[PDB]
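Visitor: Have a look at this one.
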Number of protein chains: 4
Amino acid sequence: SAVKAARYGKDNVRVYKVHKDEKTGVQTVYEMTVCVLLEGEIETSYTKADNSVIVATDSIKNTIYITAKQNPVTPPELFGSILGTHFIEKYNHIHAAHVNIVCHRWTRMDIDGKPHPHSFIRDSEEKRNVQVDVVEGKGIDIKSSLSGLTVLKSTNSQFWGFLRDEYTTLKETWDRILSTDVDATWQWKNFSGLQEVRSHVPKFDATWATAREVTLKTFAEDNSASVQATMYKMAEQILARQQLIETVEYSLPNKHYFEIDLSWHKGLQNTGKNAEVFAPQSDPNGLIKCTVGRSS
Amino acid sequence: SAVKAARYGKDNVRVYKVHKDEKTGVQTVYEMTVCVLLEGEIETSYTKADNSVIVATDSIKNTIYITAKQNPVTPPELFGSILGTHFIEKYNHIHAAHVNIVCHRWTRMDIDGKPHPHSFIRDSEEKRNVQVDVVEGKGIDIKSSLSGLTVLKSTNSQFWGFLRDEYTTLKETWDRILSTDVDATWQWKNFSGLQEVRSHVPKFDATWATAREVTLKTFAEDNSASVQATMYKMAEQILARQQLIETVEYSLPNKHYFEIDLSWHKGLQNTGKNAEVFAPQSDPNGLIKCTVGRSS
Amino acid sequence: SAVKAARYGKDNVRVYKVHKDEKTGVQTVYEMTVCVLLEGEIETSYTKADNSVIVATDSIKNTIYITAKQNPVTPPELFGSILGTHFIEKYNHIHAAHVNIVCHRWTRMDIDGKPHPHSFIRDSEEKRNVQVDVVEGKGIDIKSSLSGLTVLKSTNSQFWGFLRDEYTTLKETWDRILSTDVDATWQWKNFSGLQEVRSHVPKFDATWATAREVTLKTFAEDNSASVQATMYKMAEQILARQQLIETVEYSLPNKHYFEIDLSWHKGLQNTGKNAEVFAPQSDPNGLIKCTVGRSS
Amino acid sequence: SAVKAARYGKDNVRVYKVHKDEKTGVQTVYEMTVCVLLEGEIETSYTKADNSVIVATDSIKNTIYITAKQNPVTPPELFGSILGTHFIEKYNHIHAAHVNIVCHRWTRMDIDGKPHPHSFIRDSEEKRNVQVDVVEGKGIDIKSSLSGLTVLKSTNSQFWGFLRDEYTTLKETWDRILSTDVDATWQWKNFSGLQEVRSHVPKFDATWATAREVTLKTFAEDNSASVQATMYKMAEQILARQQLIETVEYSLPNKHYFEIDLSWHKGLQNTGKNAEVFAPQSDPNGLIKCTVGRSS
Ligand SMILES: O=c1[nH]c(=O)c2nn[nH]c2[nH]1
Ligand SMILES: O=c1[nH]c(=O)c2nn[nH]c2[nH]1
Ligand SMILES: O=c1[nH]c(=O)c2nn[nH]c2[nH]1
Ligand SMILES: O=c1[nH]c(=O)c2nn[nH]c2[nH]1
Ligand SMILES: [K+]
Ligand SMILES: [K+]
Ligand SMILES: [K+]
Ligand SMILES: [K+]
Ligand SMILES: [K+]
Ligand SMILES: [K+]
Ligand SMILES: [K+]
Ligand SMILES: [K+]
């Protein structure tokens, strides 16, 4: 027995930060949940009860608050990079910092057609996330993503031409409902360190916007041949609009809505072109995944 | 031993309905979760294993789909009334139908500044609900509500002047964060039956809008003296804008955001007027309730 | 507009307490989640921004910890009564205290066939709860319950003889699966105050045990004619074994397990007497309720 | 743009299976949730709308039921291997099958001290899982695990000697509460195919038992120097008791229970050796991970 891999830290650290413009009086809020796990020469904490190598997770928690107090918390890619870099620069024996950040939505309220200076609404459970891995001597690897974006289209979704054998019962369809929870991730080119990350700061919010916009427009306008075909179109467009991204990954559940045959009741017609009332299925659900990169 | 009270039925029935305009091609979707519990001369099903008095919950499920297929599913107040009335009119021994409906949000997508004809987004977990109790010989009682409306204001919330004794540690404040999940219910005047409910149909969507609008504006503009004082203002305004409502009830959690003293670290100032980074508290939470009616 | 009803306090207060026997070294842990809402002459806090009538919810939180420190936290019926009584005795303007307690399971671990002195396991999400309403001049009303007790029987459950009409599709069955999450509540005779509650302390744990035992044995041995018939048998037995209880209420979901016809695949037989593989249904679910009292 | 990676299938497929002994009348139930994702020459389904390469996820669902009907569903390692092998043997273009199975607990009820023939109870949310990856030409890789095993010890947990600097506030302790949700995984040596997996069937249940037993005993008896030190002891013991396992991985959250200083209230002593009432913390939580292998 020997330690082959190990990391530890503090998870689920909720953090809120407010910015107050003294000139305009407008306030802006940010809320996130942070997790920081460290790697390094810490094996002895596991094998010899040597806690001298342990930067207490409680201390990691304090550090998250302190860093948020002295640095911008947005874009999350930047905050994560600053936070991760701190650990590998401050502690000689810590060689990797793994920072995950989940950003919660606090959209400014519009009252009587005017943006309110200090009132916000949680419009959607959709999240914007980042996974920032700061590895000593190996720069900063960043994976940005949007998740929990739940959508549905009532038509212009099809699924036919699939393999049919003795295990097949699914009927081909040229008009079905398509609903999913979008989980899209774009992996950035490795960054040499904080300076390079900072040099590209504007691209983070811009690329998130691009990803979300491409996602929504493609979902709404593509007369889908399958979840697979539609998600690929999203990925290729995103790669074409941001050269600093290496790959785009999508994980999409096919949240099924089943037709309900009611012909047994007074010959009521509710299937095919007559389908109006459907039964949303909680489970099971198809799960379609794809990682798209640039061709050589 | 004897049955003092009893009701049974089907809960968590997911229902989706689509409307397709053949003229414009625009489609509109509706999704809800329905629960129908019946009351009546059914005691023998419990005491003598007499299932002859039982309208199978599976049949109640079928009835929900059938009713949704042959009637409008909006406003929910109407659908609930139609569904409830069906049970007490169809079965002589059933004297009460309790219908609960949770409406899920499927907001039409805007693509390139134009509303899309058949694509929707789940913008928020906020729900619009109704509890419709159809009692034979006693009309229809309806309670409408909005829930899961999560908001936050970064200032203009205060709390001072409260009772202070040996159990008190809370410091008075003239500037704090206020965040809550709004659960507001407006109880309608009893309706004599389906005809009367139908005669007031336009008022349901209109009153829901009023309640939501009053909620948001009051929350955003009231320099709150307490959750209690602010919620009362919301209630009185709603009662003043809809004569057919008898009471307005609010249940609001005070989702605390605690200041974080960081002065122990290099004299960092993060409290009082210097407070920027806060610790959102998952629990516990204050819970403030109030039912407001008209004065005599 | 006027306040018709109002209550406020602190919800979701997590509390852990440990007892350490200095003689044996054996430690025993207790964990619960408490909610205390107060009623009284507090209308002005809502109508006039008068916080002088408000016992801060933060103070209510402190009081919960203090009371747990100076009193037994079990049985929950007792702790709830002590806590509720404190508020109506300490504050002249507070006339009702509503205490809800959810008790979490921390069962002592058995290691090598011997009970461990200080290690515990969360065996099941099943909870033991109490709702204690202390009303000045009207004694103490207590509702005890067990919830989250999930069970399943693979046979000896039937359902036939139910009403059949044009809305019915359910096939009669003489052998089906029955699974539910038991929520059982026994309402105690009103107690005049703390002294009377204390005089009956042993009966609380004893009655909870009786309720759980009757529930499990009846569920396992009754060749069920319906959920209704089986739950009634449980209720009548509990009432017969504890004279101080006035009513017993059950709320049981019928968590359906559907047969899967596989005859389309190589004539595979998986229905009726050949049924082996089933599809558990997440939703919808039947919901059966009954409140049983003593006959006159 | 080109597909770099892709897999798809059906997730959250609930499955129940019952075994009925005609001789004794004793019935035994099994319930699980299955996910099967396939890999292979399917890129064209994403890039050219070529569904001919798609084995419908609905068909994958049917296959799960069929396989469960014609094969043992336990141990899960075996069922997963059989199911995964089916896909790569049946479809020439499918080269990998990824099978995840979550086993739910249905423990036989004991009534009056006797095991009941057909009644079960969900004793704990603890799960037994497997991840079976069947790769054509590369055998079968299996990762077995237990998760959701929630435990707590009230003493014999310590944490001192950790790094202390300007970010540290945590006080050293020689007596604290330790609670966690155990997630333990043991990775098996690669198996050449179904025959080899079948040849080791008895070892699966035996090793799961060993892992659970070592986990519970070590947690209860180790006067813990840290979560790190205690989890390592568990891992090394498991590796020493099953030669066919290559690594053991633990992921443990440190679910904090904070002391509550009540000295501000009548000098009440509730800290240090006087600590009785604690505040369980929902978040944040430490997260400690380690993968232990055999030394060379
Ligand atoms: O067991 C522990 N391990 C840790 O790494 C730690 N950090 N703070 N408290 C802790 N406890
Ligand atoms: O036990 C049952 N009670 C019911 O009321 C019912 N309705 N459908 N199936 C049922 N099973
Ligand atoms: O708005 C508030 N109402 C209350 O009753 C209270 N108690 N503590 N803090 C509070 N804030
Ligand atoms: O879009 C889809 N992709 C699939 O792979 C599939 N399988 N069944 N239905 C499906 N729909
Ligand atoms: K370093
Ligand atoms: K699918
Ligand atoms: K009737
Ligand atoms: K409060
Ligand atoms: K009083
Ligand atoms: K039912
Ligand atoms: K193959
Ligand atoms: K920790």
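Our numbering is plain: 1 for the first residue shown, then up by one each step along the chain.
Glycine too: its Cβ is placed from the backbone N, Cα and C atoms.
Taken from Swiss-Prot, the feature N-acetylserine applies to C:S1. The active site, charge relay system feature in Swiss-Prot is assigned to C:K10, C:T57, C:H256. Taken from Swiss-Prot, the feature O2 binding site applies to C:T57, C:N254, supported by a large-scale study or a structure entry. Residues annotated as 5-hydroxyisourate binding site in Swiss-Prot: C:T57, C:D58, C:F159, C:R176, C:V227, C:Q228, C:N254. Per Swiss-Prot, the feature urate binding site maps to C:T57, C:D58, C:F159, C:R176, C:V227, C:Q228, C:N254; the stated evidence is a large-scale study or a structure entry.
Tell me about the setting of these features in this model.
Guide: Less than 8 angstroms from the CB of C:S1 (N-acetylserine) sits no same-chain residue that is six or more residues away.
With a cut-off of 8 Å between CB atoms and residues at least 6 apart in sequence, the same chain places C:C35, C:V36, C:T57, C:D58, C:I60, C:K61, C:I64 near C:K10 (active site, charge relay system), listed in sequence order. When secondary structure is read from DSSP and collapsed to three states, C:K10 (active site, charge relay system) falls in the strand class.
Of all Cβ atoms in the protein chains displayed, 26 besides its own lie within 10 Å of the Cβ of C:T57 (active site, charge relay system).
Look at C:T57 (active site, charge relay system): DSSP puts it in a helix.
According to DSSP, C:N254 (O2 binding site) is assigned to a strand segment.
The number of other Cβ atoms within 10 Å of the Cβ belonging to C:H256 (active site, charge relay system), over all protein chains shown, comes to 20.
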Visitor: Which of the listed binding-site residues (C:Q228, C:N254) has the least company, meaning the fewest other Cβ atoms within 10 Å of its Cβ?
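Guide: Comparing Cβ neighbours within 10 Å for the binding-site residues C:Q228, C:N254, C:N254 has the fewest.
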Visitor: Applying a 10 Å Cβ distance cut-off over all chains shown, what neighbour count does C:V227 (5-hydroxyisourate binding site) have?
Guide: 25
Visitor: Check the binding-site residues C:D58, C:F159, C:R176 for other C-beta atoms within 10 angstroms of each C-beta and report the one with the most.
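Guide: That would be C:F159, with the most Cβ atoms nearby.
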Visitor: Which of the recorded positions C:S1, C:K10, C:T57, C:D58, C:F159, C:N254 have a Cβ less than 6 Å from any atom of ligand 10?
Guide: C:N254
Visitor: Would you measure the largest Cα separation among C:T57, C:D58, C:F159, C:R176, C:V227, C:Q228, C:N254 for the 5-hydroxyisourate site and round it to whole Å?
Guide: 52
Visitor: Mind sorting out which of the recorded positions C:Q228, C:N254, C:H256 are close to chain A, meaning Cβ under 8 Å from one of its Cβ atoms?
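Guide: Near chain A, no listed recorded positions qualify.
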Visitor: Are any of the binding-site residues C:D58, C:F159, C:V227 near ligand 2, with a Cβ under 6 Å from it, and if so which?
Guide: C:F159, C:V227
Visitor: What recorded positions from C:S1, C:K10, C:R176, C:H256 have a chain B Cβ less than 8 Å from their own Cβ?
Guide: C:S1, C:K10
Visitor: Reduce the DSSP letter at C:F159 (5-hydroxyisourate binding site) to three states and note it down.
Guide: strand
Visitor: Can you tell me whether DSSP puts C:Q228 (5-hydroxyisourate binding site) in helix, strand or coil?
Guide: helix
Visitor: In whole Å, note down how far the CA of C:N254 (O2 binding site) lies from the CA of C:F159 (5-hydroxyisourate binding site).
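Guide: Just about 12 Å between their Cα atoms.
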